[PDB]
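Everything below concerns the one structure shown next.
To find a chain, count down the sequence lines: A is the first, B the second, and so on, and within it residues start at 1.
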Amino acid sequence: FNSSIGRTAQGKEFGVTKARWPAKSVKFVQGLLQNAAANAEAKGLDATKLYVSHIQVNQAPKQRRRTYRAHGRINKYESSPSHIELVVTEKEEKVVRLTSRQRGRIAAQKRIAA
Amino acid sequence: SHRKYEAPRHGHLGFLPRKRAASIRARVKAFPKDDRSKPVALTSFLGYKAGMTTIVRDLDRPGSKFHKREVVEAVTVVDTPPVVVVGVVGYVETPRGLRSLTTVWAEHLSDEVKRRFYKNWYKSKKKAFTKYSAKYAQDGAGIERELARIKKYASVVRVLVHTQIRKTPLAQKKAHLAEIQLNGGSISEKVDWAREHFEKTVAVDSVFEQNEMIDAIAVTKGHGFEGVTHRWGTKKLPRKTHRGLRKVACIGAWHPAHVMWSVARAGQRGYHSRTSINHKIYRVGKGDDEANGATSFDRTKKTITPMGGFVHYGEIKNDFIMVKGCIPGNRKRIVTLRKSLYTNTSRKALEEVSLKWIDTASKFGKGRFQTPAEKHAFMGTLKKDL
Amino acid sequence: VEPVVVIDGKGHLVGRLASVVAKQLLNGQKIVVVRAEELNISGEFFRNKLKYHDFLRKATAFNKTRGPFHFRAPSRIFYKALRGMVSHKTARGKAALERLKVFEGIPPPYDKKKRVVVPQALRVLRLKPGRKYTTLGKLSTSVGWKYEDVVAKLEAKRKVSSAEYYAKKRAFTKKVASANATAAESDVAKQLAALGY
RNA sequence: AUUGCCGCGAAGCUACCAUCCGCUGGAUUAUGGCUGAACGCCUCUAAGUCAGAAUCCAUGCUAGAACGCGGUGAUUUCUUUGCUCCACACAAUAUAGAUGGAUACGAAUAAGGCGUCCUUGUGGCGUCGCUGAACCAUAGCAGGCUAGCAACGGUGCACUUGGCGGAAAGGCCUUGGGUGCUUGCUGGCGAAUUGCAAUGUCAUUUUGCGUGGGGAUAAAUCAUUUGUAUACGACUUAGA
RNA sequence: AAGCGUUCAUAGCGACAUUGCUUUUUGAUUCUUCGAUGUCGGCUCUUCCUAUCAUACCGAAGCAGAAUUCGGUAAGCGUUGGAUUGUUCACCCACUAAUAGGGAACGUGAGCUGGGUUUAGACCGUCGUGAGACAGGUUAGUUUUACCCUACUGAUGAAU
RNA sequence: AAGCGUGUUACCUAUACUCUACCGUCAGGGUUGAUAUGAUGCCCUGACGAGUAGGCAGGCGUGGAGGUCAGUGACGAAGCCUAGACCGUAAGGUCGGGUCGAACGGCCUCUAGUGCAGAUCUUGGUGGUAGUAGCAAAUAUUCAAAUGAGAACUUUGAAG
RNA sequence: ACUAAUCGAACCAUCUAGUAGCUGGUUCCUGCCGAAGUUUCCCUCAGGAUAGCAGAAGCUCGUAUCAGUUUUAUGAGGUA
RNA sequence: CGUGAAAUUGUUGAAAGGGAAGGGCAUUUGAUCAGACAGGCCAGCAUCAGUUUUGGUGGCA
Ligand SMILES: [Mg+2]
Ligand SMILES: [Mg+2]
Ligand SMILES: [Mg+2]
Ligand SMILES: [Mg+2]
Ligand SMILES: [Mg+2]
Ligand SMILES: [Mg+2]
Ligand SMILES: [Mg+2]
Ligand SMILES: [Mg+2]
Ligand SMILES: [Mg+2]
Ligand SMILES: [Mg+2]
Ligand SMILES: [Mg+2]
Ligand SMILES: [Mg+2]
Ligand SMILES: [Mg+2]
Ligand SMILES: [Mg+2]
Ligand SMILES: [Mg+2]
Ligand SMILES: [Mg+2]
Ligand SMILES: [Mg+2]
Ligand SMILES: [Mg+2]
Ligand SMILES: [Mg+2]
Ligand SMILES: [Mg+2]
Ligand SMILES: [Mg+2]
Ligand SMILES: [Mg+2]
Ligand SMILES: [Mg+2]
Ligand SMILES: [Mg+2]
Ligand SMILES: [Mg+2]
Ligand SMILES: [Mg+2]
Ligand SMILES: [Mg+2]
Ligand SMILES: [Mg+2]
Ligand SMILES: [Mg+2]
Ligand SMILES: [Mg+2]
Ligand SMILES: [Mg+2]
Ligand SMILES: [Mg+2]
Ligand SMILES: [Mg+2]
Ligand SMILES: [Mg+2]
Ligand SMILES: [Mg+2]
Ligand SMILES: [Mg+2]
Ligand SMILES: [Mg+2]
Ligand SMILES: [Mg+2]
């Protein structure tokens with residue numbers, strides 16, 4: 001989702017040119033990354049080996065509002081909320097079939113070089 | 001139907017694309033034809049454009065109604081400290097074009113040209129050319145092997161020079177490295193000339209002289225995104241024009257159903273490589289020569305620096321070239337001065353210029369005094385203490 | 001019947017050599033063409049120069065950088081005649097054209113390799129004597145190829161190195177053909193003469 | 001006092017309202033000619049060929065292919081022992097498509113090539129082509145074990161002596177010894193059952209991982225900073 | 001090619017006839033578009049054609065010079081400023097080397113303008129009993145949207 | 001000549017021609033004292049097969065009804081999902097797996113508010129555009145403290 | 001002109017599913033057959049009726065009566 | 001808050017991608033899958049039958 005975004009030098013570490021700083025999105029992930037990491041101590045996991053194995057964002061139901069347009073018209077003004085979920089994990093540290101020719105060739109090969 | 005009124009095109013189609021230059025040092029795209037009888041000299045020089053000033057001289061051209069009379073002309077002064085030769089490149093000929101076959105570097109490189117090879121000089125271990133400098137260590141046999149290849153092959157020989165930007169009032173600290181073709185002599189003399197000038201400077205008086213036409217090769221001054229009125233000189237639309245008047249009204253016919261490459265459109269203005277020819281040298285000045293600005297008619301012991309200094313550059317403490325008129329680029333900008341690609345005999349060339357006066361009044365205003373001693377004599381003693 | 005067939009471009013007619021090379025690549029034969037500057041075209045030089053000027057003037061009107069490209073080198077003029085005889089927009093035609101190398105002069109490693117000719121493309125076999133013809137070196141230079149004199153200096157350089165290769169090969173062919181000639185009238189020789197060898 | 005107004009006003013920007021600068025070589029059209037037949041003469045034309053336009057192509061100028069290319073510098077351990085080279089070991093990875101050998105003068109084609117000779121020529125004589133249907137190579141458990149004879153060769157493998165090759169050299173020619181093999185000739189032993197055929201597997205590319213033998217011991221980006229730059233990216237500078 | 005051109009058809013012309021080309025005229029057709037392709041002119045800007053006004057090099061003349069006229073290659077490069085008119089067209093003034101002819105959806109209205117035509121207001125003349133008509137005159141009369149794709153102008157950029 | 005004219009052969013390839021197979025249609029037939037018990041069946045023989053508008057025929061599917069299968073089912077009915085399988089030229093039918101939780105089929109007949117891609121269709125839901133156009137009139141805000149999880153925007157003070 | 005963003009006859013409900021020779025749409029498969037844009041009449045010319053073309057149902061019979069063909073014989077025609 | 005379709009979307013996995021994508025005939029490759037030993041799968045050879053194609057050769061008018 002990057003049409004007509006601005007360009008920055010800070011995208012170079014990822015090989016892109018369009019990159020932003022979604023302050024409000026980061027706080028919500030930081031809240032869930034803190035909650036999920038907190039779950040790992042209550043489960044007894046090792047925090048030094050934790051990594052984001054699965055993170056998933058879904059469209060929550062839209063919250064409706066209203067905007068008023070020229071010539072007495074009305075258009076929607078909706079929010080696009082999110083469902084976020086994430087998982088953090090500890091690091092982790094046959095038949096052959098031969099024709100009679102192939103059997104004989106293998107047998108002749110084993111009798112030709114010893 | 002037809003235009004109903006003929007007019008010339010706006011803008012020059014041969015100077016396309018009007019895009020930013022690839023480098024801030026405009027490259028030399030042609031060197032003069034080599035005649036191998038003359039000694040080995042440089043075909044161009046590097047310089048920093050300091051600024052402009054005013055001269056007075058007597059015109060020497062019969063027929064003109066200002067013959068033998070004092071004319072006033074604008075000159076530009078370029079700061080030219082000597083270039084340090086630090087390399088040589090052999091160019092073999094090929095059915096695809098010139099091709100660098102090998103390069104040989106001087107055993108010692110100054111830090112001002114070592115900086116050219118670094119993006120982050122201050123953090124690095126400064127390892128550039130450290131192992132290469134061990135190719136002269138025992139007896140320099142490996143270096144002699146490479147120079148012999150350039151002698152055998154390499155029908156075209158170019159030398160590598162870098163500026164002594166330390167002796168310049170630029171904040172840059174980093175020298176400009178460039179290839180200059182070597183004309184005069186055969187291939188062996190050219191290689192021998194390059195080898196004997198390693199780590200040694202080359203003065204500008206050996207490559208240039210007074211009264212000769214030279215060309216400037218610099219990137220012009222950048223102006224950013226510009227509209228079509230000041231980028232192409234198109235007519236401004238009438239005052240009544242809705243939705244904008246600094247535009248091109250019709251950007252094409254219905255057919256072909258595309259915008260043409262030849263229609264004036266908004267875009268970058270300036271910072272283009274340009275090569276202007278036929279700039280006569282009016283003075284080849286010297287750095288350790290007080291009375292640079294004096295002439296045979298002035299005798300005022302004054303240098304070329306205007307009073308209070310060159311605005312946005314500084315003082316000229318090195319040698320300099322002083323060519324008639326304007327050259328592309330702005331002050332502080334690396335400019336390449338190249339000898340003429342043809343012999344000019346216009347009678348506007350071939351005529352000896354003797355300066356009668358050089359302006360040193362301040363360019364930071366309406367400077368009304370040439371020297372501090374002149375200002376002191378006219379104005380007298382002031383309240384400001386001695 | 002060779003893994004790479006190298007044709008010497010000299011003396012050949014450009015279209016008939018292009019017809020053979022197109023069908024040769026499409027059948028899976030790798031082909032290298034050398035000395036493309038001595039290729040030939042039927043018709044006088046001025047007539048073929050006019051035909052290139054008609055080709056030069058056709059370009060995309062709104063952007064010349066995207067239009068028909070007008071390649072100057074005689075190797076690329078010949079390559080321009082191979083396309084149009086090969087379905088170059090398909091992957092099979094792309095794989096065919098990968099089996100082609102065209103060169104000006106004779107570069108290494110092909111300088112010391114065997115070169116062949118195509119007798120259906122040779123001008124001396126094809127053209128009626130008295131009919132005029134164009135050489136691809138003059139045509140390409142007359143429309144802007146910059147490397148005629150460079151190739152000539154390197155071609156004459158190769159011919160000197162190759163003529164003195166053939167000098168010692170004549171001496172060695174002489175010695176070999178002498179001992180073989182003495183080997184005649186022997187017992188083994190007269191038996192092979194009955195068996196045809 | 002929405003830049004209160006007036007005069008001056010640097011810097012910056014800017015004006016045919018200021019100044020400077022705007023190249024020379026070839027090939028051609030029309031046309032006029034030369035030589036010269038067709039047509040015993042004539043003729044710019046048929047074969048050849050001269051000059052020649054504001055033409056065309058170059059010189060020059062601009063961009064630089066973001067799937068064209070070259071040269072050059074440095075290339076990270078006291079850093080989950082990282083990187084690179086050489087060799088051999090195991091797996092995978094693919095294949096525009098090996099299945100004896102891409103086997104080298106140059107030019108001409110109403111001419112040549114090879115050989116020989118002479119007085120060294122644009123020379124004499126002989127020979128050849130009329131296709132590569134050639135030439136080289138080519139027999140051995142996919143090519144084994146062994147015995148001699150003849151000869152001092154042929155060919156391979158590393159090692160090696162010297163020279164040459166920069167257009168894309170990266171290959172070519174050598175030198176010397178060592179070690180194989182020899183089908184140049186004469187012998188002896190083995191092969192079987194893949195069952196009457198099943199590509200009946202023999203390659204060269206790329207990548208990991210391993211083992212043992214050498215070698216080296218960087219930068220770039222962000223962030224800060226400049227303004228020769230700039231919508232943003234980008235650019236151009238500075239910082240142990 | 002009958003004649004004109006002092007004589008002389010063809011320098012330059014050229015009757016009576018006859019062969020074409022073009023699609024910048026106007027006719028003729030009604031094939032596309034009436035769940036709309038914005039409509040005249042001008043302004044602005046680019047490019048193309050050559051049937052060349054000028055400029056380069058030429059050939060010819062009833063080419064002495066000068067100035068002209070005819071013709072060739074040639075569209076490389078130019079072809080203007082104004083009074084009146086909405087005008088396309090026209091006409092004159094003046095400069096100039098010259099003020100050539102055209103095309104591109106009669107180029108170009110999400111580029112402009114809106115003087116004209118071509119809504120609704122109003123006046124005149126003629127016609128009509130009248131309501132009203134007039135390719136007759138006059139005056140006033142909302143000119144909307146690009147942020148998408150391509151194209152173009154500039155500007156980054158993965159992979160080597 | 002890979003051009004033009006003319007002549008000779010060879011060769012290439014249509015759903016066309018020949019032969020054969022299979023499907024269907026039509027036509028002519030065979031077949032009852034066991035038709036080796038389905039005569040709207042089984043089988044023999046020949047020909048034929050393009051199709052808008054349109055006509056007819058034989059079938060597939062849906063809601064409900066009479067009959068029947070003493071049909072299936074909480075040991076899982078219906079529904080839904082399923083680059084898993086099988087049958088049919090097809091409309092469609094059947095099976096496996098997952099999800100699910102209460103009804104639902106086969107066959108013979110009856111009946112109809114019985115099959116959707118369109119109607120600027122109706123109602124509802126959802127996209128690309130697009131994190132885009134924009135959130136620019138009304139001169140103007142700044143500093144500290146307090147509160148608070150959080151202060152450009154709240155409170156207080158100061159200043160403008 | 002204005003008469004509630006409605007004016008050359010407001011708005012609301014009903015008659016009213018007003019009529020439309022006109023525009024759009026008109027939902028499964030397979031099989032067999034298969035057109036017309038022409039005749040006459042019509043306030044008819046974007047429509048109908050009528051004949052023709054097409055399908056279906058067949059019926060009476062069983063190689064007839066025939067025939068988008070020719071030959072032979074015999075007419076007619078007023079175009080090239 | 002029964003079931004919980006599609007449009008549309010997120011993650012994961014696989015695959016392909018030089019100015020659209022999609023499709024028809026055929027095959028390669030990858031992945032996946034049904035059935036069958038009391039003949040299932042793929043082939044080779046001989047002698048025939050039907051339809052063709054390409055030669056060699058003999059006797060006649
Ligand atoms: Mg924007
Ligand atoms: Mg609003
Ligand atoms: Mg014009
Ligand atoms: Mg200047
Ligand atoms: Mg100044
Ligand atoms: Mg195409
Ligand atoms: Mg006020
Ligand atoms: Mg003569
Ligand atoms: Mg350039
Ligand atoms: Mg590049
Ligand atoms: Mg013309
Ligand atoms: Mg128009
Ligand atoms: Mg338009
Ligand atoms: Mg408009
Ligand atoms: Mg008006
Ligand atoms: Mg023919
Ligand atoms: Mg049918
Ligand atoms: Mg139908
Ligand atoms: Mg039912
Ligand atoms: Mg169930
Ligand atoms: Mg699905
Ligand atoms: Mg329940
Ligand atoms: Mg219904
Ligand atoms: Mg629907
Ligand atoms: Mg439908
Ligand atoms: Mg709709
Ligand atoms: Mg925005
Ligand atoms: Mg405000
Ligand atoms: Mg109704
Ligand atoms: Mg109604
Ligand atoms: Mg039919
Ligand atoms: Mg109709
Ligand atoms: Mg008659
Ligand atoms: Mg009649
Ligand atoms: Mg639910
Ligand atoms: Mg879905
Ligand atoms: Mg693309
Ligand atoms: Mg048979």
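- In the set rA130(F), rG115(D), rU217(D), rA130(F) carries the atom at the smallest distance from any side-chain atom of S4(A).
- Across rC21(D), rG131(F), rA151(E), the shortest atom-to-atom separation from the side chain of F62(C) is found for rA151(E).
- Taken as a pair, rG51(F) and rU139(F) do not qualify under the rule of Watson-Crick (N1-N3 plus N6-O4 or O6-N4) or G-U wobble (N1-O2 and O6-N3), both under 3.5 Å.
- Under the 3.5 Å distance criterion, with hydrogens and angles disregarded, no donor-acceptor pair is assigned to the side chains of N344(B) and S346(B).
- Aromatic ring centroids of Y48(B) and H176(B) lie under 6.0 Å apart.
- Nucleotides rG38(F) and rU9(F) are not base-paired: the Watson-Crick or wobble atom pairs do not both lie closer than 3.5 Å.
- Distances shorter than 4.0 Å separate some side-chain N or O of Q10(A) from OP1 or OP2 on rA223(D).
- The partner of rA135(E) cannot be assigned: no Watson-Crick or G-U wobble pair with both contacts below 3.5 Å exists in any strand.
- Counting to the nearest Å, the P atom of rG134(F) and the CD1 atom of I5(A) are 15 Å from each other.
- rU27(H) and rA36(H) are not base-paired, meeting neither the Watson-Crick nor the G-U wobble geometry with both donor-acceptor distances under 3.5 Å.
- Taking atom NE2 on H242(B) and atom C1' on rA110(E), their separation rounds to 9 Å, with Å as the unit.
- Using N1 to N3 plus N6-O4 or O6-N4 for Watson-Crick, or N1-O2 and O6-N3 for G-U wobble, each under 3.5 Å, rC45(G) pairs with nothing.
- Salt-bridge check for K30(C) with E98(C): failed, with every basic side-chain N at 4.0 Å or more from each acidic carboxylate O.
- For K94(C) and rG18(H), a side-chain-to-base donor-acceptor distance below 3.5 Å is present, hydrogens and geometry of angles not being considered.
- Nucleotides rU84(E) and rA90(E) are base-paired: the Watson-Crick or wobble atom pairs both lie closer than 3.5 Å.
- When heavy atoms are screened at a 4.0 angstrom cut-off, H2(B) is found touching base atoms of the nucleic acid.
- Between the side chain of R101(A) and the base of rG200(D), a donor-acceptor pair under 3.5 Å is found.
- Two residues, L16(B) and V263(B), neighbour RNA chain E, and the one matched to the more 5' nucleotide by heavy-atom proximity is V263(B).
- Distance noted for atom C1' between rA98(E) and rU55(E): 9 Å (whole Å).
- Sugar conformation at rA110(E) is north: the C1'-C2'-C3'-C4' dihedral has a positive sign, consistent with the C3'-endo side.
- Stacking of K221(B) on the aromatic ring of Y271(B) is not recorded, the 6.0 Å distance cut-off and the 45° axial limit not both being met.
- Among the atoms of the strands shown, only primed sugar atoms or phosphate atoms (P, OP1, OP2) are found under 4.0 Å from some heavy atom of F364(B).
- The bases of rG52(D) and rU201(D) do not line up as a Watson-Crick or G-U pair with both contact lengths under 3.5 Å.
- Remark: the bases of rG84(F) and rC95(F) meet in a Watson-Crick or G-U wobble pair, both edge contacts within less than 3.5 Å.
- Across all strands shown, nothing is found opposite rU77(D) as a Watson-Crick or G-U wobble partner with both distances under 3.5 Å.
- Of the inter-residue distances, the one linking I106(A) atom CD1 with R111(A) atom CZ reads 12.5 Å to the nearest 0.5 angstrom.
- Cation-pi check for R265(B) over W232(B) is not met; the charged atom does not lie both under 6.0 angstrom from the ring centroid and within 45 degrees of its normal.
- In the set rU221(D), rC13(D), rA229(D), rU221(D) carries the atom at the smallest distance from any side-chain atom of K123(B).
- When every heavy atom of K135(B) is checked against every heavy atom of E146(B), the shortest pair comes out as NZ-OE2, 3.7 Å.
- The side chain of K4(B) lies closest to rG42(E) when the candidates are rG106(D), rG42(E), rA229(D).
- Residues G233(B) and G15(A) both approach RNA chain E. Their nearest nucleotides, taken by heavy-atom distance, put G233(B) toward the 5′ side.
- Closest approach to the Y132(B) side chain among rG73(D), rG165(D), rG131(F) is made by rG73(D) (side chain taken as heavy atoms from C-beta onward).
- Side-chain to base pairing of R149(B) with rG166(D): one donor and one acceptor N or O lie within less than 3.5 Å of each other.
- Within the 4.0 angstrom heavy-atom criterion, base atoms lie near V6(C).
- For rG106(D), its base never sits under 3.5 Å from the side chain of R170(C) at any donor and acceptor pair.
- Look at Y166(C) and the base of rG106(D); the rings do not stack under the cut-offs of 5.5 Å between centres and 30° between planes.
- The aromatic ring of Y122(B) is stacked on the base of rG239(D), with the two ring centres less than 5.5 Å apart and the planes inclined by under 30°.
- Remark: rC232(D) base-pairs with no nucleotide; criterion is Watson-Crick or G-U wobble with both hydrogen-bond distances under 3.5 Å.
- A Watson-Crick or G-U wobble pair does not link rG82(D) to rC53(G) when both relevant atom distances must lie under 3.5 Å.
- If you check every strand for non-hydrogen atoms under 4.0 Å, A216(B) touches nothing.
- Candidate nucleotides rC45(E), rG71(D), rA104(D) were compared by shortest atom distance to the side chain of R99(B), and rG71(D) ranks first.
- Between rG78(E) and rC4(E) there is no base pair of the Watson-Crick or G-U wobble kind with both of its two distances under 3.5 Å.
- With a 3.5 Å ceiling on both atom-pair distances, the Watson-Crick or G-U wobble partner of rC26(F) is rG46(F).
- Here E226(B) pairs with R269(B) in a salt bridge; the nearest charged N to carboxylate O distance falls below 4.0 Å.
- Rounded to whole Å, the P atom of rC185(D) lies 16 Å from the corresponding atom of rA151(D).
- With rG107(E), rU29(D), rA238(D) as the candidates, the nucleotide lying closest to the side chain of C250(B) is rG107(E).
- One can place OH of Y197(C) at 13 Å from P of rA137(D), the figure rounded to the nearest angstrom.
- The pairing partner recorded for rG239(D) is none, the criterion being a Watson-Crick or G-U wobble arrangement whose two distances lie under 3.5 angstrom.
- The base-pairing partner of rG111(E), taking Watson-Crick or G-U wobble contacts with both distances under 3.5 Å, is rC43(E).
- When each of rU11(H), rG111(E), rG106(D) is scored by its nearest atom to the side-chain atoms of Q56(A), the top-ranked nucleotide is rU11(H).
- Looking at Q56(A) and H83(A), their side chains never bring a donor and an acceptor atom within 3.5 Å of each other.
- Put simply, the residue from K280(B), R338(B), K29(B), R274(B) that forms a salt bridge (charged side-chain N to carboxylate O under 4.0 Å, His left out) with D215(B) is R338(B).
- Using atom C1' as the reference point in both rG64(F) and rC104(F), the two lie 15 Å apart (nearest Å).
- Side chain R111(A) to base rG190(D): no donor-acceptor pair is found below 3.5 Å.
- Nucleotide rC23(D) carries a north-puckered sugar, as indicated by a positive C1'-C2'-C3'-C4' torsion.
- In the set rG115(D), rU62(D), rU228(D), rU62(D) carries the atom at the smallest distance from any side-chain atom of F15(B).
- Base pairing annotation: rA36(G) forms no Watson-Crick or G-U wobble pair, as no partner gives both donor-acceptor distances under 3.5 Å.
- Looking at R265(B), its side chain comes within 3.5 Å of the base of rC152(E) through a donor and an acceptor atom.
- For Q172(B) against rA238(D), no side-chain N or O and base N or O form a donor-acceptor pair under 3.5 Å.
- For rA27(D), the base has no donor-acceptor partner in the side chain of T141(C) [N/O atoms by modelled type, under 3.5 angstrom].
- Closest to the side chain of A128(B), out of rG111(E), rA104(D), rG73(D), is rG73(D).
- Sugar conformation, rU3(D): south. The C1'-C2'-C3'-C4' torsion carries a negative sign.
- With the cut-off at 3.5 Å for both distances, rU153(E) forms no Watson-Crick or G-U wobble pair with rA140(E).
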